[PDB]
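Pasting start_6.cif here (mmCIF, C-alpha atoms and all ligand atoms):
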```cif
data_work
#
loop_
_atom_site.group_PDB
_atom_site.id
_atom_site.type_symbol
_atom_site.label_atom_id
_atom_site.label_comp_id
_atom_site.auth_asym_id
_atom_site.auth_seq_id
_atom_site.Cartn_x
_atom_site.Cartn_y
_atom_site.Cartn_z
ATOM 1 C CA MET U 1 15.977 3.167 21.613
ATOM 2 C CA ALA U 2 12.525 4.264 22.913
ATOM 3 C CA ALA U 3 12.109 1.366 25.418
ATOM 4 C CA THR U 4 12.765 3.158 28.775
ATOM 5 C CA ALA U 5 10.296 6.100 28.395
ATOM 6 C CA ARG U 6 7.306 4.752 30.505
ATOM 7 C CA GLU U 7 5.493 8.186 30.160
ATOM 8 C CA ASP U 8 3.917 6.901 26.889
ATOM 9 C CA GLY U 9 0.329 8.222 26.596
ATOM 10 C CA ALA U 10 -1.895 11.160 25.509
ATOM 11 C CA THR U 11 -2.389 14.819 26.619
ATOM 12 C CA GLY U 12 -5.832 16.516 27.036
ATOM 13 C CA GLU U 13 -4.556 20.126 27.009
ATOM 14 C CA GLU U 14 -7.481 22.030 25.364
ATOM 15 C CA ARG U 15 -6.732 25.436 23.694
ATOM 16 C CA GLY U 16 -8.482 27.931 21.333
ATOM 17 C CA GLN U 17 -7.877 27.011 17.641
ATOM 18 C CA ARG U 18 -8.226 30.465 15.912
ATOM 19 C CA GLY U 19 -10.356 33.656 15.690
ATOM 20 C CA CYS U 20 -12.767 34.985 18.334
ATOM 21 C CA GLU U 21 -16.533 35.797 18.715
ATOM 22 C CA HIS U 22 -15.528 39.493 18.272
ATOM 23 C CA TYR U 23 -13.149 39.107 15.221
ATOM 24 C CA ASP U 24 -12.816 36.151 12.772
ATOM 25 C CA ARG U 25 -9.035 36.380 12.162
ATOM 26 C CA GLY U 26 -5.969 34.091 12.032
ATOM 27 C CA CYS U 27 -4.009 36.600 14.190
ATOM 28 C CA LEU U 28 -3.756 38.006 17.759
ATOM 29 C CA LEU U 29 -2.933 41.683 18.561
ATOM 30 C CA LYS U 30 0.493 41.744 20.311
ATOM 31 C CA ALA U 31 0.039 44.367 23.071
ATOM 32 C CA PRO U 32 3.542 46.068 23.583
ATOM 33 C CA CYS U 33 2.308 47.101 27.082
ATOM 34 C CA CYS U 34 2.851 43.437 28.270
ATOM 35 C CA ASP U 35 4.013 41.690 24.968
ATOM 36 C CA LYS U 36 0.801 39.537 25.232
ATOM 37 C CA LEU U 37 -1.324 38.005 22.424
ATOM 38 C CA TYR U 38 -5.163 38.700 22.241
ATOM 39 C CA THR U 39 -7.602 38.833 19.220
ATOM 40 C CA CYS U 40 -9.378 41.911 20.725
ATOM 41 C CA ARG U 41 -8.542 44.949 22.973
ATOM 42 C CA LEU U 42 -11.458 43.985 25.310
ATOM 43 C CA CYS U 43 -10.299 40.290 25.455
ATOM 44 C CA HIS U 44 -6.938 41.739 26.651
ATOM 45 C CA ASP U 45 -8.712 44.153 29.055
ATOM 46 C CA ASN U 46 -10.606 41.252 30.748
ATOM 47 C CA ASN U 47 -7.352 39.484 31.846
ATOM 48 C CA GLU U 48 -5.248 42.656 32.370
ATOM 49 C CA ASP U 49 -5.489 45.445 34.996
ATOM 50 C CA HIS U 50 -4.647 47.965 32.201
ATOM 51 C CA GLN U 51 -6.108 48.764 28.691
ATOM 52 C CA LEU U 52 -5.125 47.746 25.118
ATOM 53 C CA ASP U 53 -5.590 50.472 22.451
ATOM 54 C CA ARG U 54 -5.816 49.800 18.676
ATOM 55 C CA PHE U 55 -3.144 52.502 17.946
ATOM 56 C CA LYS U 56 -0.705 51.287 20.700
ATOM 57 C CA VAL U 57 -0.319 47.747 19.198
ATOM 58 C CA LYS U 58 2.487 47.367 16.594
ATOM 59 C CA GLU U 59 2.925 43.587 16.229
ATOM 60 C CA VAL U 60 0.637 40.572 15.751
ATOM 61 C CA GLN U 61 1.059 36.752 15.830
ATOM 62 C CA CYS U 62 -0.305 34.057 13.475
ATOM 63 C CA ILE U 63 -2.581 31.625 15.452
ATOM 64 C CA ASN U 64 -1.772 29.001 12.768
ATOM 65 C CA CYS U 65 1.865 28.305 13.983
ATOM 66 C CA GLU U 66 2.239 31.139 16.647
ATOM 67 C CA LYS U 67 4.980 33.001 14.637
ATOM 68 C CA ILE U 68 5.476 36.605 15.976
ATOM 69 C CA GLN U 69 5.634 39.340 13.297
ATOM 70 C CA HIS U 70 4.785 43.034 12.751
ATOM 71 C CA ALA U 71 1.154 44.049 11.918
ATOM 72 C CA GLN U 72 0.749 42.560 8.374
ATOM 73 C CA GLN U 73 -2.156 40.799 6.478
ATOM 74 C CA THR U 74 -0.297 37.442 5.940
ATOM 75 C CA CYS U 75 2.162 35.216 7.841
ATOM 76 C CA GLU U 76 5.093 35.316 5.359
ATOM 77 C CA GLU U 77 6.269 32.118 7.180
ATOM 78 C CA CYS U 78 3.229 29.662 6.651
ATOM 79 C CA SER U 79 1.021 31.765 4.236
ATOM 80 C CA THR U 80 -1.724 32.349 6.908
ATOM 81 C CA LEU U 81 -4.265 34.903 5.589
ATOM 82 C CA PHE U 82 -5.324 36.760 8.802
ATOM 83 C CA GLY U 83 -8.448 38.185 7.144
ATOM 84 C CA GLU U 84 -10.119 39.416 3.961
ATOM 85 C CA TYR U 85 -9.964 43.088 5.066
ATOM 86 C CA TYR U 86 -6.694 44.758 6.289
ATOM 87 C CA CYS U 87 -5.917 48.178 7.833
ATOM 88 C CA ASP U 88 -2.700 49.147 9.710
ATOM 89 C CA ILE U 89 -3.837 52.452 11.389
ATOM 90 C CA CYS U 90 -6.877 50.741 13.033
ATOM 91 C CA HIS U 91 -4.758 47.531 13.536
ATOM 92 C CA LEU U 92 -7.651 45.293 12.419
ATOM 93 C CA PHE U 93 -7.152 42.280 10.109
ATOM 94 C CA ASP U 94 -10.365 40.189 9.876
ATOM 95 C CA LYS U 95 -13.138 39.061 7.479
ATOM 96 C CA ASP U 96 -14.733 41.751 5.281
ATOM 97 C CA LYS U 97 -18.358 41.848 6.445
ATOM 98 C CA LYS U 98 -19.370 44.861 4.316
ATOM 99 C CA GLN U 99 -17.098 47.110 6.478
ATOM 100 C CA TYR U 100 -15.527 50.391 5.197
ATOM 101 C CA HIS U 101 -12.674 52.693 6.361
ATOM 102 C CA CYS U 102 -14.449 56.046 6.641
ATOM 103 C CA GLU U 103 -12.017 58.984 6.153
ATOM 104 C CA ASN U 104 -13.654 61.520 8.574
ATOM 105 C CA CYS U 105 -14.385 58.884 11.318
ATOM 106 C CA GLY U 106 -10.744 57.838 10.616
ATOM 107 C CA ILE U 107 -11.550 54.133 11.251
ATOM 108 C CA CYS U 108 -13.240 51.001 9.873
ATOM 109 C CA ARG U 109 -15.624 48.691 11.768
ATOM 110 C CA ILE U 110 -18.087 45.878 10.728
ATOM 111 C CA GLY U 111 -20.666 48.193 9.117
ATOM 112 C CA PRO U 112 -22.582 47.536 5.857
ATOM 113 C CA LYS U 113 -22.320 50.790 3.809
ATOM 114 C CA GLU U 114 -25.702 49.793 2.233
ATOM 115 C CA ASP U 115 -27.137 50.400 5.786
ATOM 116 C CA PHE U 116 -24.490 52.970 6.977
ATOM 117 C CA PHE U 117 -23.629 56.450 5.585
ATOM 118 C CA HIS U 118 -21.530 59.345 6.978
ATOM 119 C CA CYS U 119 -23.752 62.230 8.230
ATOM 120 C CA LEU U 120 -21.956 65.369 6.823
ATOM 121 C CA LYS U 121 -20.928 67.994 9.486
ATOM 122 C CA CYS U 122 -21.458 65.547 12.417
ATOM 123 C CA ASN U 123 -18.336 63.244 12.230
ATOM 124 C CA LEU U 124 -20.588 60.148 12.785
ATOM 125 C CA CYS U 125 -21.815 57.134 10.655
ATOM 126 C CA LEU U 126 -25.564 56.218 11.074
ATOM 127 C CA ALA U 127 -28.304 53.943 9.601
ATOM 128 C CA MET U 128 -30.391 54.770 6.442
ATOM 129 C CA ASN U 129 -33.630 54.746 8.588
ATOM 130 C CA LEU U 130 -31.997 57.435 10.824
ATOM 131 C CA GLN U 131 -31.427 59.585 7.631
ATOM 132 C CA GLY U 132 -29.168 61.874 9.775
ATOM 133 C CA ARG U 133 -32.091 62.938 12.079
ATOM 134 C CA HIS U 134 -29.977 64.985 14.617
ATOM 135 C CA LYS U 135 -29.156 68.324 16.139
ATOM 136 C CA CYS U 136 -25.971 68.288 13.923
ATOM 137 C CA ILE U 137 -24.491 71.401 15.715
HETATM 138 ZN ZN ZN M 1 -12.710 38.582 21.679
HETATM 139 ZN ZN ZN M 2 -1.246 44.862 28.159
HETATM 140 ZN ZN ZN M 3 1.959 31.129 10.505
HETATM 141 ZN ZN ZN M 4 -9.269 51.415 9.125
HETATM 142 ZN ZN ZN M 5 -18.072 58.312 8.996
HETATM 143 ZN ZN ZN M 6 -26.085 64.356 11.954
#
```
Exercise: express the given structure as structure tokens:
Amino acid sequence: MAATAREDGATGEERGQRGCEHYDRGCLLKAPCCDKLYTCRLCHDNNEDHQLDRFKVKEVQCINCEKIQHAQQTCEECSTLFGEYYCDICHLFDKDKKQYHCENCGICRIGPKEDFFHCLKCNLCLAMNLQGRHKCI
């Protein structure tokens, strides 16, 4: 029986629970460049000598169990919803904070459409106060 262990006690090994300041998600981007797990491309870039790109990543993990899977919205294993908003091309799964996948910009990013519109013949998305005030050539 357990009566010869002697190493009986507690561990104080602190670790990040879920999400990040950059993206509130229950997943980490698995970078195939080093098979490593980071919420953000810049949170990868800080630790690594090389860059993560949001088209190069293919897989993700679920921070709520650590199960490795392909880039999907839910952990089929423990039903972990990675975010409200999902998008495979941009490889972002996080909370919907009024964000929109613009067709001409070809991406989505945390951007309230009530404040942000696409300036036509410009390929950019600006604020309603800006009104598209550019040299749009
Ligand atoms: Zn981050
Ligand atoms: Zn890497
Ligand atoms: Zn899971
Ligand atoms: Zn997108
Ligand atoms: Zn746009
Ligand atoms: Zn413009």
Would you mind listing, for every residue of chain U within 10 Å of ligand ZN 5 (chain M), the two atoms forming the shortest contact and the distance between them in Å to one decimal, using all atoms listed in the file, sorted by chain and ascending residue number, as CSV?
```
residue,atom,partner,partner_atom,distance
U:100,CA,M:ZN5,ZN,9.1
U:101,CA,M:ZN5,ZN,8.2
U:102,CA,M:ZN5,ZN,4.9
U:103,CA,M:ZN5,ZN,6.7
U:104,CA,M:ZN5,ZN,5.5
U:105,CA,M:ZN5,ZN,4.4
U:106,CA,M:ZN5,ZN,7.5
U:107,CA,M:ZN5,ZN,8.1
U:108,CA,M:ZN5,ZN,8.8
U:116,CA,M:ZN5,ZN,8.6
U:117,CA,M:ZN5,ZN,6.8
U:118,CA,M:ZN5,ZN,4.1
U:119,CA,M:ZN5,ZN,6.9
U:120,CA,M:ZN5,ZN,8.3
U:122,CA,M:ZN5,ZN,8.7
U:123,CA,M:ZN5,ZN,5.9
U:124,CA,M:ZN5,ZN,4.9
U:125,CA,M:ZN5,ZN,4.3
U:126,CA,M:ZN5,ZN,8.1
```
Fill in: Test item: the PyMOL selection byres (((not hetatm)) within 8 of (chain M and resi 1)) resolved as a ChimeraX atom specification
/U:20-23,38-43
Export of the given selection (C-alpha atoms) as an mmCIF file, in the frame of the given file:
```cif
data_model
loop_
_atom_site.group_PDB
_atom_site.id
_atom_site.type_symbol
_atom_site.label_atom_id
_atom_site.label_comp_id
_atom_site.auth_asym_id
_atom_site.auth_seq_id
_atom_site.Cartn_x
_atom_site.Cartn_y
_atom_site.Cartn_z
ATOM 1 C CA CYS U 20 -12.767 34.985 18.334
ATOM 2 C CA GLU U 21 -16.533 35.797 18.715
ATOM 3 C CA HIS U 22 -15.528 39.493 18.272
ATOM 4 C CA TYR U 23 -13.149 39.107 15.221
ATOM 5 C CA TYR U 38 -5.163 38.700 22.241
ATOM 6 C CA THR U 39 -7.602 38.833 19.220
ATOM 7 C CA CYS U 40 -9.378 41.911 20.725
ATOM 8 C CA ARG U 41 -8.542 44.949 22.973
ATOM 9 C CA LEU U 42 -11.458 43.985 25.310
ATOM 10 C CA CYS U 43 -10.299 40.290 25.455
#
```
Once you count all atoms listed in the file, what closest atom pair and distance in Å to one decimal does each residue of chain U within 8 Å of ligand ZN 2 (chain M) have, with rows by chain and rising residue number, as a Markdown table?
```
| residue | atom | partner | partner_atom | distance |
| --- | --- | --- | --- | --- |
| U:31 | CA | M:ZN2 | ZN | 5.3 |
| U:32 | CA | M:ZN2 | ZN | 6.7 |
| U:33 | CA | M:ZN2 | ZN | 4.3 |
| U:34 | CA | M:ZN2 | ZN | 4.3 |
| U:35 | CA | M:ZN2 | ZN | 6.9 |
| U:36 | CA | M:ZN2 | ZN | 6.4 |
| U:44 | CA | M:ZN2 | ZN | 6.7 |
| U:45 | CA | M:ZN2 | ZN | 7.6 |
| U:48 | CA | M:ZN2 | ZN | 6.2 |
| U:50 | CA | M:ZN2 | ZN | 6.1 |
| U:51 | CA | M:ZN2 | ZN | 6.3 |
| U:52 | CA | M:ZN2 | ZN | 5.7 |
```
Discussion item. How would you report the residues lying within 9 Å of ligand ZN 3 (chain M), as a PyMOL selection string, if you count only C-alpha atoms and all ligand atoms?
Written reply: chain U and resi 26-27+61-68+74-81
Discussion item. So the first atom is atom CA of residue 135 of chain U and the second is atom CA of residue 114 of chain U; what is the distance between them in Å, to one decimal place?
Written reply: 23.4 Å
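Going from atom CA of residue 134 of chain U to atom CA of residue 113 of chain U covers 19.4 Å.
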Practice prompt. Tell me which residues the PyMOL selection byres (((chain U and resi 92) around 9) and not hetatm) grabs here, as a list in words.
Written response: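 Matching residues under the PyMOL selection byres (((chain U and resi 92) around 9) and not hetatm) are residues 23, 29, 54, 71, 83, 85, 86, 87, 88, 89, 90, 91, 93, 94, 108 and 109 of chain U.
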Each side padded by 4 Å, which centre and which edge lengths in Å (one decimal) define the axis-aligned box around the listed atoms of segment 90-100 of chain U? Give them as lines of an AutoDock Vina configuration file.
```
center_x = -12.1
center_y = 44.9
center_z = 8.9
size_x = 22.6
size_y = 19.7
size_z = 17.2
```
Discussion item. Applying the PyMOL selection byres (((chain U and resi 58) around 7) and not hetatm) to the file I just gave you, which residues come out? Please list them as number ranges by chain.
Written reply: U: 56-57, 59, 70-71
Could the residues in this selection be saved with C-alpha atoms as an mmCIF file, keeping the file's coordinate frame?
```
data_model
loop_
_atom_site.group_PDB
_atom_site.id
_atom_site.type_symbol
_atom_site.label_atom_id
_atom_site.label_comp_id
_atom_site.auth_asym_id
_atom_site.auth_seq_id
_atom_site.Cartn_x
_atom_site.Cartn_y
_atom_site.Cartn_z
ATOM 1 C CA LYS U 56 -0.705 51.287 20.700
ATOM 2 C CA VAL U 57 -0.319 47.747 19.198
ATOM 3 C CA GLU U 59 2.925 43.587 16.229
ATOM 4 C CA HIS U 70 4.785 43.034 12.751
ATOM 5 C CA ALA U 71 1.154 44.049 11.918
#
```
Practice prompt. Record the distance separating atom CA of residue 11 of chain U and atom CA of residue 30 of chain U, expressed in Å with one decimal.
Written response: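 Computing the Euclidean distance for atom CA of residue 11 of chain U and atom CA of residue 30 of chain U yields 27.8 Å.
Distances from U:73, U:47, U:99, U:17 to ligand ZN 4 (chain M) were compared using only C-alpha atoms and all ligand atoms, and the smallest one belongs to U:99.
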Item to complete: Between U:49, U:8, U:96, U:13, single out the one closest to ligand ZN 4 (chain M), counting only C-alpha atoms and all ligand atoms.
Response: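 Closest candidate: U:96.
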